[PDB]
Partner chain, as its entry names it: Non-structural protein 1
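First, one chain by itself: the form deposited without its partner chain, in structure tokens.
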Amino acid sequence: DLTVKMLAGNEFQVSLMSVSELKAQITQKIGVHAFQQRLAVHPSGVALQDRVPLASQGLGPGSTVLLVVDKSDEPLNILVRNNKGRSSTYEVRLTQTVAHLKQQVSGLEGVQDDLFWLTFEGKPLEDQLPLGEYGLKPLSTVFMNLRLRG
């Protein structure tokens, strides 16, 4: 168990034991997507390191962390590569949904949204999820995968 202190919010508890499981929990109680969460040990103020166990950062049974919610709504450019292997550039926000990106790809490519699916680094993008959940970066390349019928 561990206490989480929202900044302008209040407090709540969660049980664990990685930093990635801590965020899944936080998300499973206040809905804030992992990619918008920033964490730090309370009251030390020391940022939580993403790639290290909680036990090695001074966190154990009944510790406290400060959750800071970052916007992450700053627009950015990514590539979407079509079936011919030709990419086009799209401006997006990590807060936009996959379905929204599909609408843009559809208008540019001339393919209806039910005739292609998108992937990023070997993960299919799920329509209802925010782009931010996939870790997209400026000039990241997404694949446009065609559904072929005949």
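Numbering follows the first chain given and starts at 1.
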Worksheet entry | Sequence continuity check, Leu16 and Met17 (deposited residues unmodelled) | 1 to 3
Worksheet, complete the sentence: Per the PDB entry, mean CA B-factor is higher for 23 to 31 or 77 to 85, namely for 23 to 31
Worksheet entry | Of 43 to 51 and 97 to 105, the one with larger mean CA B-factor | 43 to 51
Worksheet item: What's the residue among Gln36, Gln112, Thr119, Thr64 with the greatest CA temperature factor in the PDB record?
Response: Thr64
Discussion item. Looking at the temperature factor on the CA atom of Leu59, which third of the chain's modelled residues does it land in?
Written reply: highest
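If you look for the form deposited with its partner chain bound, you will not find it shown, but the lines that follow are about it.
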Worksheet item: With the partner left out of view, is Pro43 within 4.5 angstroms of its partner chain in the entry with it bound by any non-hydrogen atom?
Response: yes
Worksheet entry | Contact of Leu59 with its partner chain in the entry with it bound (heavy atom, 4.5 Å) | no
Discussion item. Taking its partner chain as it sits in the entry with it bound, is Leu66 in contact with it (heavy atom to heavy atom, 4.5 Å or less)?
Written reply: yes
Fill in: Distance check, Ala34 to its partner chain in the entry with it bound, heavy atom within 4.5 Å
no
